[PDB]
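Enquirer: Have a look at this fold, sequence not included:
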Ligand SMILES: CCCCCCCCCCCCCCCCCCCC(=O)O[C@H](COC(=O)CCCCCCCCCCCCCC)COP(=O)(O)OCCN
Ligand SMILES: NC(=O)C1=CN([C@@H]2O[C@H](COP(=O)(O)OP(=O)(O)OC[C@H]3O[C@@H](n4cnc5c(N)ncnc54)[C@H](OP(=O)(O)O)[C@@H]3O)[C@@H](O)[C@H]2O)C=CC1
Ligand code: SF4
Ligand code: SF4
Ligand code: SF4
């Protein structure tokens, strides 16, 4: 193995915990409230309580479901997050960003197995709604990446999607595609404008609600980890070399845009992705494969 | 008819003079003369609309209720387009215990009318849902609370009381606390109903004075 | 049906009401082991009829939460700190009590408490403390059916020795001896299911030859009430076996059938091998704290008690003397709990 | 008593009841012109990059 | 070891009490006082109390309203779905003892008949600060518990 | 000899249980849906039926006032107001002008909080949470006025037969006036976030369409009538207090969709602010409760100095007043619609029959007609516009 | 604003009506076709650039920097008026003699029937209660009992911190109520002196 895996994994866990803290602190800011202050004095130590306490809660035996798949979904999310971050920071793969696109297409599985665990006729339709969102906006992300490789050329002149090489130069041409990438990244992390779940999920339509103690932790951590990976991708493609402040700022922008926006209905955001975002992304992909070489 | 907004400014009037007079003092006589078979007696008393005015109360029999209601809604001069509520009052002293009360509004006349049908436990009252769609739930509630059956109701079901409740609670002979009580049992992991026991009984305080005269 | 009095002296004066939650029953009870599986149902039966139950418990507020709902205001008294070695606390607990029920027992040994302490020392000490009072009129001790002085298992032997000590100090005590009790919170079917499903292999001592008479928890709880409603029952031991005698193999097979397990996961771990696999692990238990991983099933005492027939002696008192018909534990409401898991139309 | 909470002599000062329409600021055409200029600059930058590469 | 077990149990008490996930069974008047208690002016999220819609993810349950005979089975069903710690707070006179509808055919005299109650918050409606006082009383009850030490000496 | 054409079948008889982003209370809703479209909605009520109507029959008239506060926890004052008006009509009791002004003022205040809660909880049900928290601070400021006048923030029991329980504390009118000076700006802040927002527009436009004929047929009142084009207000058409003096304009919309009713409710808040300013400026001086001491309690010094006043105090706090035999139905423009009490008196000190007419009962009955052809998500918005309170629906 | 687009609607049938019919142009609230090139660009950029969204974004972002309204509940307490109706308390005269004279009016006026009173003649000869218990799980805190008492014996104190861990502690009795009156005597007296002016 390599020692770099540690230097990538550990910062990720710490960062996700304080991302969960940041979300509610920013909510307190919008709503003339304050960050939690009884957990400690500084508040650095708030999310660690939730994790450690969640270790404490007595386990529930699985009910009317196959055990293997129910265990499988958390492991899938935790595998995908680690692979994504360690291929964003620790690899030279010529087509690495396309590999990240592949690893984002595997996130459909975690939700889908979690839905199959329910085996409720209503839960079938709910999990299908969630995966429909994810795939529909994965298509537009794929078109935007096709746009990105088009200005991404290495010093030797070979087209590629090596993350360091797309990071090397900042292209203001690509910014029209970065707006679509930001909207789709909101869609893929199930942010409120595309958070169809919360309304459906208050009654048990079907979501990671079934998972309870440590399985439930890893899902929510993986959600924030994927959001942070999207922020890193927005930085590395469209905004130049990788900067930690820019990544966290994009995450805060996610929270702000969420707060300022209500949710969409299922047919609405699905019609947005297909009849609005996809034609514009094909028009920009034309505009980029057809702004030229 | 329907009080669609017409006047943009200076609609300070409560209503026109003629519309007020015809309903202030001719309404009961007009009803009695126009549809005499339906009406058995009429009472003019303190107004439902206001303290100062006077509003009619009409007593009719169960057979004529549907036609009287249809006449009241669609007559040109009397347009009671709205059913405010349907209610029953239990009078155990009377042979015909229940008095089914209908409250109506005419937006055009700015007036309220009260219609009473006096029945007993066995007799039924025809449903007026076809005249006013709001009646359905009100008649269902009247059936639940008092036990008055409404004929030709689309689906007469209990609304307020618990599932499996057979007694009619607002009957004057029904105990205030009822007959049963609900508790969870540990042995049978179910919530179960049991006969009533009260830790502290309801204390009825008899405040009546011999010298009072208002009691009728 | 006519309600029968609790046959306690001067009950006729104190008793009043229909016999419900808010009625007054003249029974103040100190049920040791209230938070346990057996004790909770006994507390429920006594408190349901308007009686007052004192429940000494080792500090654990969440474990004794269900007992709070059991009775009306002031009827279920929960004493916070119970120690089997503390005399003064025991005297305080039974101060106002006219009946005392002992359901305190350990399935396995630990470092803090052994079988000889809980199953022998506590009954003798409590028996002396109850005897000196005199206000206590009825004493009921709960024991296993297979308990015998000449028993290989240490648990079932110590239980019988403690019962004999109780009989010596209080001659009028009644020894309730139920079989393997089936319930939602039981340790019989729940442990068997956990063995069948979340264990690599289900070891069965010998071939399941051992015969057992399982009984439903409500039947034992009702039997306690019938013991307390008759004074003629005092001084007698009642073997509350179930309606049907079944071998352990039949119960395992029928659990596999009801749960619709794919096939039989049970294996033959014959005796003389468990006596070598678990023998060191007993010494392991006596020097380590309570651990969920291993317990009850994984002991030499369990193998020794699963090589004998835990059935009622032929000449013996039972449910018939108490005018109770025990319900079958393989059908009906008793088996609903395992039924909810899987029935083959389920999941 | 004789002193109770009464409106003050001369009455209360007036308050605002109706809504304020604040919809002033940027509109469509200027954004189109700025976007066109920024696209032109982006096009020139892409031209330079692609020749140098 | 007796010191280590104490440090572990006090840390566990801190974790359980600091992060209380309450599920609000909002029947009636008192649910809105709870709404106010979780609003901007009283920050329950500062206290670590943040409401969770489903029972499986909630450890504390607040019964705030008049329990009716029609609802008590659903109340018990929701309570049973909760995980093992499951502390229950009774808020309001209606939940505590039936209150002003006590002598009614359709009202359960106290949620204690249906579910065990750890803390009783009195009022009609209870003031929001009173509800926080009851929540702090429950937090003290959680701090008092020493489950790991009892596990060592069981 | 011409072929017949078959049809399709609907299934999916869902059960929509008690659900938090909806109108507050417990709602059990059985919905029959053809696919993702609803074909029948059958609301199941009785989950908060506390037997209020029968309990009233066992209490004296003054002992039964707190029932009306708890019928609707959002708007207490309007609910007790109809009861006290009906008792006043039967008793032939005249309210002094200061008490009439205090009743109108606090009625408008509770109207404003009701509309604030309705709009912001509806936005929360949609999924926007900022207006909701932005609103609780205003609602706290108004609860502070209640705790000042009565000592209870929610269940004041301030309105009494013949006037108000106590007089306005000194300094209250200034504080209410300051809250009024800033209220319009706060409402505009809320209005920008909701109004003009594309997602809010898409969620609410053309949802829950009602026509004037349908509203009169189903017995609807208030914002439902005024969002469809009906110029009907009880405060104007059938005044019950010094409302006749007050100068305000009915807000009217015509489409009947969810958005129109939201706009109506905002404008109603503004009209209530205007009425409050008029109340503050024209507040008279004098008695706040009726001078008659055979229907109103005497003052404490007066009971402690006079024999007749001690007798009246004793007989009013033990027996209560005797209401002459008669029947009356008095309705008030509650924030949710028209709330009326049908009171039957046989001449005793206790009501013989007290029927409560729920404004939300008829709206919940209208739910099925309105929510036909809609989707599972639209039900939440439709419930929000009805603004139903189930303690108010289930008496 | 209030104006609506032909495309944006929440109902399928209404969307069909507007898609296939031009009755919406008759209606005043809807927005009419741009009729000029510049107006077409204006509407197109408005819809495509999410303009209305950003306008709400700035007003919400004002939330980040404005003065937070919140109270640290343990350290700071919300304002409580003198009239506030809280925990009940029986009061004593300054000599130490209870003010209660067992008129039993407060039990007659209690809407919830939470007060049970039984009395006797004391050995000196006074009319005093041998029992005065209030069910605080049945109380509605209306304050009617404080209104009916002719001697100010029963008052609802200013204390709202009286939650308990068992329901039995919420069944108050004469000794507990007298102790509560002793604990809060000065505050209750000040509140009553202030309240006497009004009533
Ligand atoms: C006009 C100039 C002429 C030249 C032609 C150029 C054409 C435009 C090319 C520029 C490329 C950039 C386009 C930006 C992406 C917008 C894609 C189309 C816009 C659009 O259709 O509006 C809505 C989609 O946006 C949404 O509403 C999706 C939901 C967004 C929620 C999250 C918002 C995130 C913040 C916005 C991104 C900011 C990034 C940095 C923070 C659809 O809705 P509709 O129904 O009105 O349209 C359908 C009416 N038939
Ligand atoms: N299968 C069965 O259930 C059968 C049971 N019995 C007998 O009935 C008795 C109890 O049955 P069951 O309830 O199932 O056993 P449980 O272990 O479930 O109940 C045991 C009770 O005793 C208490 N206890 C145990 N050790 C101690 C101790 N050292 N000091 C203080 N309290 C202690 C426990 O409290 P804590 O939880 O704190 O340990 C618990 O309340 C046992 O003796 C058992 O043999 C009879 C027939 C069959
Ligand atoms: S206790 Fe009072 S405020 Fe709370 S729900 Fe009951 S009536 Fe409403
Ligand atoms: S406040 Fe009201 S309910 Fe409470 S004791 Fe006094 S009179 Fe009774
Ligand atoms: S507290 Fe007051 S009203 Fe109640 S019995 Fe005593 S003196 Fe009478």
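Expert: It's in. Numbers count the residues shown, from 1 in each chain, chains lettered A, B, ... in the order given. Ligands and ions are numbered 1, 2, ... in the order given.

Enquirer: Burial check on residue 160, number of neighbours?
Expert: Unless you meant another one, I'm taking chain A. Residues lying near residue A:160 (other Cβ atoms under 10 Å in any protein chain shown) number 17. (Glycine included, C-beta is placed from N, CA and C.)

Enquirer: The intended chain is chain F.
Expert: 23.

Enquirer: so it touches residue F:288, yeah?
Expert: No. Using Cβ atoms under 8 Å, residue F:160 is not in contact with residue F:288, being 9.7 Å away.

Enquirer: so which strand or helix has the closest residue to residue F:326 other than its chain neighbours?
Expert: In space, residue F:326 comes closest to residue F:90 once its chain neighbours are excluded; the distance is 5.1 Å by Cβ to Cβ, 6 or more residues apart in numbering or on different chains. Residue F:90 belongs to helix F:76-91 when assigned by DSSP states H and E.

Enquirer: how about whatever helix or strand comes next after that helix against chain B, any contact?
Expert: Next along the chain after helix F:76-91, taking DSSP H and E as the criterion, comes helix F:97-126. No. With Cβ under 8 Å from any Cβ of the partner chain as the criterion, chain B is not reached by helix F:97-126; the gap is at least 12.3 Å.

Enquirer: What residues does chain D have near ligand 1?
Expert: residue D:32 (Cβ under 6 Å from any ligand atom).

Enquirer: quick one, helices of the stretch 151-300 of chain C?
Expert: Per DSSP state H, counting those that start in this stretch, the stretch 151-300 of chain C carries helices over the ranges C:154-169, C:189-198, C:217-228, C:248-259, C:274-277, C:279-286, C:300-305.

Enquirer: ok, residues contacting the longest helix seen in chain B?
Expert: Using DSSP state H to define each element, chain B has its longest helix at helix B:135-146. Under the contact criterion Cβ atoms under 8 Å, 6 or more residues apart in numbering or on different chains, helix B:135-146 has outside partners B:83, B:85-88, B:90, B:98, B:100, B:125, B:127-129, B:148-150, B:153-154, B:156-161, B:168-171, F:53, F:361-362, F:364-365.

Enquirer: any idea how far residue F:243 lies from residue B:94?
Expert: According to Cβ to Cβ, to the nearest Å, residue F:243 and residue B:94 sit 40 Å apart.

Enquirer: who has more neighbours, those two?
Expert: More neighbours surround residue F:243 than the other of residue F:243 and residue B:94, with 21 against 11 (other Cβ under 10 Å).

Enquirer: Now do the contacts for the residue nearest to the more buried one when sequence neighbours are not counted.
Expert: Take residue F:243 and drop its neighbours on the chain: the residue closest to it by Cβ to Cβ, 6+ apart is residue F:235, 4.6 Å away. Each residue near residue F:235 by Cβ under 8 Å, 6+ apart is listed here: F:243, F:246, F:333.

Enquirer: Count the residues that sit near the second one.
Expert: Pointing back at residue F:246 there. Residue F:246 sits with 20 neighbouring residues when counted by other Cβ under 10 Å.

Enquirer: Test my guess that it contacts residue F:278.
Expert: Yes. Counting by Cβ under 8 Å, residue F:246 touches residue F:278, with 5.6 Å between them.

Enquirer: thinking again about what came up before, among the contacts of helix B:135-146, which ones are buried?
Expert: Among these, those scoring as buried are B:83, B:85-88, B:90, B:98, B:100, B:125, B:127-129, B:148-150, B:153, B:156, B:158-161, B:168-171, F:53, F:361-362, F:364-365 (criterion: 16 or more other Cβ atoms under 10 Å in any protein chain shown).

Enquirer: Let's see which of the residues you listed end up in strands.
Expert: Cross-referencing these against strands under DSSP state E gives B:83, B:85, B:86, B:87, B:88, B:90, B:98, B:100, B:125, B:149, B:150.

Enquirer: who does the fifth one bridge with?
Expert: Pointing back at residue B:88 there. residue B:100 (DSSP bridges).

Enquirer: surely it meets residue B:100?
Expert: Yes. With contact defined as Cβ under 8 Å, residue B:88 reaches residue B:100; the gap is 5.0 Å.

Enquirer: ok, the residue of the stretch 51-200 of chain F found nearest chain G - how many residues close by?
Expert: The minimum distance from the stretch 51-200 of chain F to chain G, using Cβ to the nearest Cβ, falls at residue F:151 (3.5 Å). For residue F:151, the neighbour count with other Cβ under 10 Å is 27.

Enquirer: Kindly provide the distance from it to residue G:198.
Expert: On the measure of Cβ to Cβ, residue F:151 and residue G:198 end up 12 Å apart.

Enquirer: Could you do residue C:32 as well?
Expert: Per Cβ to Cβ, residue C:32 is found 60 Å from residue G:198.

Enquirer: Looking at these two, which one has more neighbours?
Expert: More crowded of residue C:32 and residue G:198, by other Cβ under 10 Å: residue C:32, with 26 against 16.

Enquirer: Need the outlier residue of chain B, farthest from its centre.
Expert: Taking Cα atoms, centre = their mean, the residue of chain B most remote from its mean C-alpha position is residue B:187, at 45.7 Å.

Enquirer: show me the contacts for the nearest residue in space to residue F:286 that is not next to it in sequence.
Expert: Leaving aside its sequence neighbours, residue F:286 sits nearest to residue F:98 (Cβ to Cβ, 6+ apart; 5.3 Å). Each residue near residue F:98 by Cβ under 8 Å, 6+ apart is listed here: F:163, F:283, F:284, F:285, F:286, F:287, F:288.

Enquirer: Can you show me the helices along chain G?
Expert: Under DSSP H, chain G gives helices at G:12-20, G:37-48, G:51-65, G:105-109, G:144-148, G:174-183, G:185-198.

Enquirer: Check the burial of the closest residue to residue A:37 other than its chain neighbours by counting its neighbours.
Expert: The spatially closest residue to residue A:37, leaving aside those adjacent along the chain, is residue E:46, at 5.0 Å (Cβ to Cβ, 6+ apart). By other Cβ under 10 Å, the residues close to residue E:46 number 20.

Enquirer: From chain B, how far out is the closest residue to chain E within the stretch 201-347 of chain C?
Expert: Distances between the stretch 201-347 of chain C and chain E by Cβ to the nearest Cβ are smallest at residue C:290, namely 5.4 Å. According to Cβ to the nearest Cβ, to the nearest Å, residue C:290 and chain B sit 26 Å apart.

Enquirer: Establish whether stretch F:263-278 and chain G are in contact.
Expert: Yes. Stretch F:263-278 is in contact with chain G by Cβ under 8 Å from any Cβ, via residue F:263.

Enquirer: That stretch vs chain D: in contact?
Expert: Yes. Applying Cβ under 8 Å from any Cβ, one finds stretch F:263-278 touching chain D at F:270, F:273, F:274, F:277.

Enquirer: I'm done for today, thanks for sticking with me.
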